[PDB]
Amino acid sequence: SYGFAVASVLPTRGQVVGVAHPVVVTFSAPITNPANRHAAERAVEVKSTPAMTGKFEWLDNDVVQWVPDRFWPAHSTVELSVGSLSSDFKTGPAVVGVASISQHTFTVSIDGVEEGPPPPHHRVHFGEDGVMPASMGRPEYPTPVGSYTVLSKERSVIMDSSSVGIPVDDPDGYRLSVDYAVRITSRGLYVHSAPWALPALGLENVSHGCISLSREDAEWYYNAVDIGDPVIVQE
């Protein structure tokens, strides 16, 4: 009986990850019976050192992720057992981004200390370290509130309007080349550089869901953040 045979686990052994990185378990064969999922979860019981509570979420018939309830300790070695498989990984700095829809800001802290790039005359900027002018999703396509984690980081990725439900050649379609792209949902939500959107930054929520930053702020956050680091969206 190898129905719950585990092919692999993320983080990999010795991987360096951000401080909300889930434990992602990939099974050797799909578990197509949702009733067998609770037994599968028990067979892949996640035991970390330091101890952490979490919640299982199935991403596919053969992938379940265990989402920690709290952040891992930064700059640490986390020991990890996933049903007998003994592993470990490392965390880097706690790089946390908090988007405020009402304040039109994106606040970046590193290990608790708010910080941003060294500012180099005609654009909004706050005198407060780490607080970046941002533009969230407009009321038609709002940025959803929640607790996210960085799923991937890409340079010069092309984003279409088909991600929010609009063909490219449609009245309000788009096809953008985006310089710095920090992906925070599998659906296609990003923190990213939006130079065309410079006037709205810090003032208006004019994007279609994504968290828009200046190129300089996006570049700094992109270079600071790691896959697994948390991103909070608040009203």
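Residue positions are given as counts along the sequence shown, with the first one as 1.
Does the chain run continuously from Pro120 to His121, or are deposited residues unmodelled in between? Answer none, 1 to 3, 4 to 9, or 10 or more.
Some 4 to 9 residues are missing between them.
Which is higher on mean Cα B factor in this entry, 211-219 or 18-26?
For C-alpha atoms only, the mean B-factor is higher in 211-219.
Would you tell me which stretch averages the higher CA B-factor in the PDB entry, 32-40 or 171-179?
Higher mean C-alpha B-factor: 171-179.
Going by the entry, which of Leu189, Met52, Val64, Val206 has the most elevated CA B factor?
Answer for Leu189, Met52, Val64, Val206: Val206, with the highest C-alpha B-factor.
Tell me, please, which of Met159, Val82, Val131, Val113 has the highest C-alpha B factor according to the deposited entry?
Answer, based on the entry's C-alpha B-factors: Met159.
Taking only the Cα B-factors deposited for this chain, tell me whether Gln103 sits in the lowest, middle or highest third.
Highest third - that is where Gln103 ends up once the chain's C-alpha B-factors are sorted.
Give the position of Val124 by CA B-factor within its chain, expressed as the lowest, middle or highest third.
Highest third of the chain for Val124's C-alpha B-factor.
Could you say whether, by C-alpha temperature factor, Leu201 belongs to the lowest, middle or highest third of its chain?
Highest third.
Would you mind checking where the Cα B-factor of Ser152 ranks among the modelled residues of its chain, as the lowest, middle or highest third?
Its C-alpha B-factor belongs to the lowest third of this chain's values.
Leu59: which third of its chain by C-alpha temperature factor?
Middle third, going by the recorded CA B-factors of the chain.
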